[PDB]
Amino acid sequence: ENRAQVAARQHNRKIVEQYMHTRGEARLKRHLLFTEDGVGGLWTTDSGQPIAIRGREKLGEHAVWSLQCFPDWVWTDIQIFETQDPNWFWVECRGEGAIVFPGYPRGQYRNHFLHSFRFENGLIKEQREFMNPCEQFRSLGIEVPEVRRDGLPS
């Protein structure tokens, strides 16, 4: 059992590293790192509900959209965390690039991210990214509300 777990963790880490380093046109093939029913998405949005992209066909379509709306995106400062579950990794990183959203001015978007990767049979079954949406609001020119801090100790 231990040999199987160690083997799974070392392979899975290679997939996480490949995912994090996928840039440019190679993003069009990143759905091949997922299971056929694999899910990937953004868990932190304005609405409070995740934007989850389900299955390889939809994952490949999102990649096409992502090459237009995040054309030069890169992950930086990547720190990969293995866990006690050989099939579950976390990654802390930053991301940055142009943001080209329909109906908004072209901007520059930078944020801090956490990613969760869960594996099944050597491929990603579930990828989730978590960030602070206020920074994406700022990149799009959307006003961010401010919590009033006068009564809070500082």
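Numbers for residues come from their place in the sequence shown, where the first is 1. We call the rigid core the largest set of C-alpha positions that still match within 1.5 Å between the two forms.
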- Of 10-18 and 141-149, which departs more from this form in 9 other deposited structures of this protein by CA RMS after core fitting: 141-149
- Message: Mean CA temperature factor from the deposited coordinates, higher in 82-90 or in 47-55?
- Response: 47-55
- Task: Identify the stretch, either 122-130 or 101-109, whose C-alpha atoms have the larger mean B-factor according to the entry.
- Result: 101-109
- Query: Between 114, 42, 67, 33, which one tops the list for C-alpha B-factor in the PDB entry?
  - Reply: 67
- Query: residue 146's Cα B-factor: lowest, middle or highest third of the chain?
  - Reply: highest
- Message: Using only modelled residues of the chain, where does the Cα B factor of residue 10 rank: lowest third, middle third or highest third?
- Response: highest
- Query: Where does residue 17 sit by CA temperature factor within its chain: lowest, middle or highest third?
  - Reply: middle
- Please rank the C-alpha B-factors of the chain's modelled residues and tell me whether residue 60 sits in the lowest, middle or highest third. highest
